[PDB]
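Please note: Cβ atoms are built from the backbone with ideal geometry, for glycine as well, and neighbour counts cover all protein chains shown. Laboratory data are not the source of any read-out in this text; all were calculated from the coordinates shown.
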Amino acid sequence: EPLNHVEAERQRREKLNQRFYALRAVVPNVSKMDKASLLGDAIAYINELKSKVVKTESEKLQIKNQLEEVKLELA
Amino acid sequence: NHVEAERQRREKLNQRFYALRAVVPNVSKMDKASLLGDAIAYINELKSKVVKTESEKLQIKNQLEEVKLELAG
DNA sequence: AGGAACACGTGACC
DNA sequence: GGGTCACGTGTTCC
C-alpha cells in the first residue's frame, strides 16, 4: 500500500483549507461563497489598502509644509 | 462536462493564485499555503500603517490650526 | 530512500 | 442539471 502519499496529500489539502478560512476572516464583504471568488476579492482588497497608505503618507507631508509656511509668516 | 467543466474551475483558480503573487511583495518561489499566510500577514501590516499614519496627520493638523490663530492676532 | 509540492480525472452532492 | 467540493493517483524535484 502506497499509503504515506495518500495521507501527505490529505494534510496539504487540510492546511490550505485552514488558510482559506483565515483569509475569509480578514477580508470584508465577500458574498459568492466560492474559493475563486474569495481570492478575487482578496486581490482587490489588497490593492485598495496600499493605495490608501500612499495617499495618507503623502497628505501628511503636504500639511507639514503648510505648518512650516505659516511659522515663517509668523515674524 | 464533466472532465472539461473541472478544467475550467481549476484554471479559474490557478489564474488567481498567480495574480496574488503579483500584488504581495517577496513571495516568489513559495508554497500555495505560505502564500495565503503571507497575504494575510500583509493585509494586517497594511491596515496597521493606515491607522498610524492617520494618527500622525491629525497631530499635525491640530498644530496647524494653533499657529493660524496666533497669526491672526 | 522517501518527503514535498503540483495538476489531473472521477465520484458525489446541490 | 450546471457548478462546486473532496479524493486518490501519477509525476517530478531534491
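Taking the inverse of the mean reciprocal distance over all distinct Cα pairs, the Kirkwood hydrodynamic radius of chain A comes to 16.7 Å. For B:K12, list the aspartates and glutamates whose Cα falls under 17 Å from its own Cα; do not include residues on the same chain fewer than 8 positions away. Result set, ordered by chain and number: A:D34, A:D41, B:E4.
The label-point distance for B:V3 and B:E56, in a model that sets each label 7 Å from Cα toward Cβ, rounds to 5.8 nm. For A:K71, the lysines whose Cα comes closer than 20 Å to its Cα, not counting residues fewer than 8 places off in the same chain, are A:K60, B:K57, B:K61, B:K68. At full extension, A:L16 and A:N47 could sit 8.9 nm farther apart than now, given 0.36 nm per residue minus the alpha carbon distance.
Once a ≥ b ≥ c are taken as the square roots of the eigenvalues of the Cα gyration tensor of the protein assembly as shown, is the result rounded (a/c under 1.5), prolate (a/b larger than b/c) or oblate (a/b not larger than b/c)?
Prolate is the answer for the protein assembly as shown, as a/c is 1.5 or above and a/b outweighs b/c.
List the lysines whose Cα lies under 16 Å from the Cα of B:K29, skipping any in the same chain that are fewer than 8 positions away. Filter leaves no residues.
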